[PDB]
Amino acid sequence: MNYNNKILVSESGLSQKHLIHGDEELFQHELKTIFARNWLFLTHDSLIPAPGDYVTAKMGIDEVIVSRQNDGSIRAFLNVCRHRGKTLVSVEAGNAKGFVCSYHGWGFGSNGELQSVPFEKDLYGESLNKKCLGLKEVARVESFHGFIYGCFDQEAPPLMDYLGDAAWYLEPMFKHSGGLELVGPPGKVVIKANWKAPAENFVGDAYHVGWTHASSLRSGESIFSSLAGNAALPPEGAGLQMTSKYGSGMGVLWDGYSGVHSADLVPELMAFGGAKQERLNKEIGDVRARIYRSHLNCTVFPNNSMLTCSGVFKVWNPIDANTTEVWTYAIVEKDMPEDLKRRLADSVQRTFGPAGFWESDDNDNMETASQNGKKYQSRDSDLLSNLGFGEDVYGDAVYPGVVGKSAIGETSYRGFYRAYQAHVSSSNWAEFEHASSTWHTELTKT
């Protein structure tokens, strides 16, 4: 397939070829043009707070060691020994000043440097240039309010610019709330879906909630529960959708601070969020204080998703075109009482974890939509994302980005896939920029 020419995503992001969810050659191409090029979620400050603390993380199909340095910074390195290529670290988290390979015993520092080689004097003499044998380092590692992302491409935009218009929406919860913590360890489960299936669902799919999650809505009594079985359409002004230049996007459901949490947490959460909102009114204004306590379903392009307020935090780690390893963390606000943090974390896993009953509702949807992309008569078929097209705006006086002023639509699918196609057909960041110089105009046509 010629990725320079092949139209995988049609103009304005209105449709995508179903093969994108099943084609292994394209998956291999995505490793280069999506995963090696873009910002990928690694960890949070709260998981590696002290010098020597480390975790392992996936970046695409690669595995990295992410380590807190003595100077307070974070560096990340391929989890691969520079000698004969053995995996260096076999655990998920810990604290160490270095990592010793179990094959021939080479010792690497937390800073990636080759520090020791067994019997170096007798074996290598002075001939081994250890200075050139440090672990392969992730070029770019940056933080968004404690959330640490990595990028293999030195040419990438800074993480803040990469978030583009999405950053404005995230800031009330990520910054102005006093800060978030990530509660680990994550749940980890393999699903038989393409990584794009849950990514697209979290970025912009409010339409599915009432039908897909009818049973969870009915059974759990959460605040979005009037949606069960499509019994009721949210009123006008119930929310909006947004998307951005580099592909990140989200839905906003106004005031939904208790999110998917069952009735047992609703009164406590609605009180806590409302109280903080009243304080934030004076600092960031009414609209942004309201966004703080509004439910955001967001994907940070390409494969990190979240539900703020619900507190669900996801990495869709790619394995192959029909296999994804799902990591699920909980996010909590630092200034929440500890007992509330504990119950919130359990509730995130209860609803969206390995045995998350909400998440279970999505399984067949994600898996079959992905697997059908391999089927002969469906490969060249068109997946539709035209809902709300021709009603999006850009440059609004109040809400930034390409914005659909309605709670349910496909605005964020269109921006996600526009960015995806621009990357797949480009050889580097400069070409992506050239392919994106009229991004918002393309999305707001008709």
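Residue numbers here begin at 1 and follow the sequence given.
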item: Stretch with the higher entry mean CA B-factor, where the candidates are 124-132 and 329-337; value: 124-132
item: 259-267 set against 308-316, stretch whose average Cα temperature factor tops the other in the entry; value: 259-267
item: Largest Cα B-factor, entry values, listed residues 367, 346, 200, 71; value: 71
item: Which of 61, 407, 34, 42 ranks first by CA B-factor in the deposited coordinates; value: 407
item: Entry-reported Cα temperature factor of residue 24, expressed as the chain third it lands in; value: lowest
item: Within-chain third of residue 420 by Cα B-factor, per the entry; value: lowest
item: Residue 168 CA temperature factor, ranked by third within the chain; value: middle
item: Position of residue 79 among the chain's modelled residues by C-alpha B-factor, lowest, middle or highest third; value: lowest
item: Residue 373 - which third its CA temperature factor falls in, relative to the rest of the chain; value: lowest
